[PDB]
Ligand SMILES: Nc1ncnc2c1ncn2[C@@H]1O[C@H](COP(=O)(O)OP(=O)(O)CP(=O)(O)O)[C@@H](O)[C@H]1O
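One chain follows as structure tokens, the form deposited without this ligand.
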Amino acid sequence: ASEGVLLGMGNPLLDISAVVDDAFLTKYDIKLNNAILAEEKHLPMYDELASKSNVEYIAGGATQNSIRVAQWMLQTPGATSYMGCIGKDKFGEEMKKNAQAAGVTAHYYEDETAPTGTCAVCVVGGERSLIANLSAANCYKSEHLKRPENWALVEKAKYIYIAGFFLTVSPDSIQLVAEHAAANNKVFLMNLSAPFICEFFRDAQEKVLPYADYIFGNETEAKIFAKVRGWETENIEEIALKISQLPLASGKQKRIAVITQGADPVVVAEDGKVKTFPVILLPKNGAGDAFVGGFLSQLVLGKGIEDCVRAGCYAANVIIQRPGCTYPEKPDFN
């Protein structure tokens, strides 16, 4: 994998992961197996987690998690890049530290007033409770992207992955890199993630879809996508095919749609046909992002779709057995 061969752009959050007890959950009125927005009552909780010794800080956010998992899976130094917005605070410096530890070349845009986005990941057994404060992650501006030191990361990249959620934060950055990729034989990849469905988002998504070589999604996202645009089918295999056959921009040959269904098989539409892949488990939160990261690693290495899906399932199965989107030193995938 060449230097900066894969780039991601998104909404970075510093994940503050810690194994907690009943007293902590009751104190901040947080229930397990649910992701809530941080309120004024939850803001001092980030200080309490920071004050603990066994705390793990991770350069998170869905896209950044995928880029880190791709980097871990590739094991080649300098193969990945990432751009997103952070604040000028200690949590921003921790995000810079962890991105460097994960081997990702991160060029963050520093907002002058917004604190860095954070996410408390409270762990008990195999259960999590996410409390997110997006804050600076929503302030990315295309002026950062257009600077020569940051545009060099787009120029270096052969694969550029940006989540659909970023269409609400910086649609000018997505359209700029998507149009650049079509004009310069690069692969543009996106997902069906969205905070909400509004006219502004609908129109921005419609403008980028022709430029997407790959579209990733989960069954719920695919079914919302199909219903929003009037497709009457609820079959995920047919929805994946219809996504792959959306209109194509000039300079884009084909589109591949990859739809995950949790325990049920991964659905892949390509060349007017749908192939389905059963999930293979390892002996005995962040799983979707890890799946995309494993898929991207093999895509970068020019491998086939079955290797891409198997690597995605491997990475997803590793990450689910660890607190947060974390992993061991080296992978063991073939």
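Residue positions are given as counts along the sequence shown, with the first one as 1. The term rigid core refers to the maximal set of C-alpha atoms that superpose within 1.5 Å between the two forms.
The next section is about a form of this same protein that is not shown, the form deposited with this ligand bound.
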> Is the site here open or blocked once this ligand, taken in the entry with it bound, is overlaid via the site C-alphas (blocked: 3+ ligand atoms within 2.4 Å of backbone or C-beta atoms)?
Replying inline: open
> At the 4.5 Å heavy atom threshold, is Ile305 in contact with this ligand in the entry with it bound?
Replying inline: no
> Even though this ligand is not shown here, does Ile36 get within 4.5 Å of it in the entry with it bound, heavy atoms only?
Replying inline: no
> Heavy atoms within 4.5 Å of this ligand in the entry with it bound: does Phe295 have any?
Replying inline: no
> Is there a heavy atom of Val19 lying 4.5 Å or less from a heavy atom of this ligand in the entry with it bound?
Replying inline: no
>> Only one of 21 to 29, 321 to 329, 308 to 316, 6 to 14 has heavy atoms within 4.5 Å of this ligand in the entry with it bound; I'd like to know which.
In response: 308 to 316
>> By the heavy atom within 4.5 Å rule, which residue out of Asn138, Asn133, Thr76, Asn218 makes contact with this ligand in the entry with it bound?
In response: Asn218
>> Please tell me which of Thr116, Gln205, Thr260, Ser81 lies within 4.5 Å of this ligand in the entry with it bound, judged by heavy atoms.
In response: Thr260
> If you look in the entry with it bound, which residues in 260 to 287 sit within 4.5 Å of this ligand (heavy atoms)?
Replying inline: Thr260, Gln261, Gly262, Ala263, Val266, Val279, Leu281, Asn285, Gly286, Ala287
> So which residue among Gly262, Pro195, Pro77, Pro210 shifts its CA at least 2 Å between the shown form and the other one once the core is superposed?
Replying inline: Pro195
> Does the C-alpha of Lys27 move 2 Å or more between the shown form and the other one once the rigid core is lined up?
Replying inline: no
> When you overlay the rigid core, is the Cα of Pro278 off by 2 Å or more between the shown form and the other one?
Replying inline: no
> Can we say the CA of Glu39 moves by at least 2 Å between the shown form and the other one when the core is superposed?
Replying inline: yes
>> At a change of 3 Å or more, would you call the C-alpha separation of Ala137 and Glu39 in the entry with it bound closer or farther than in the form supplied?
In response: closer
>> Assuming the CA distance changes by 3 angstroms or more, are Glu40 and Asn133 closer together or farther apart in the entry with it bound compared with the shown structure?
In response: closer
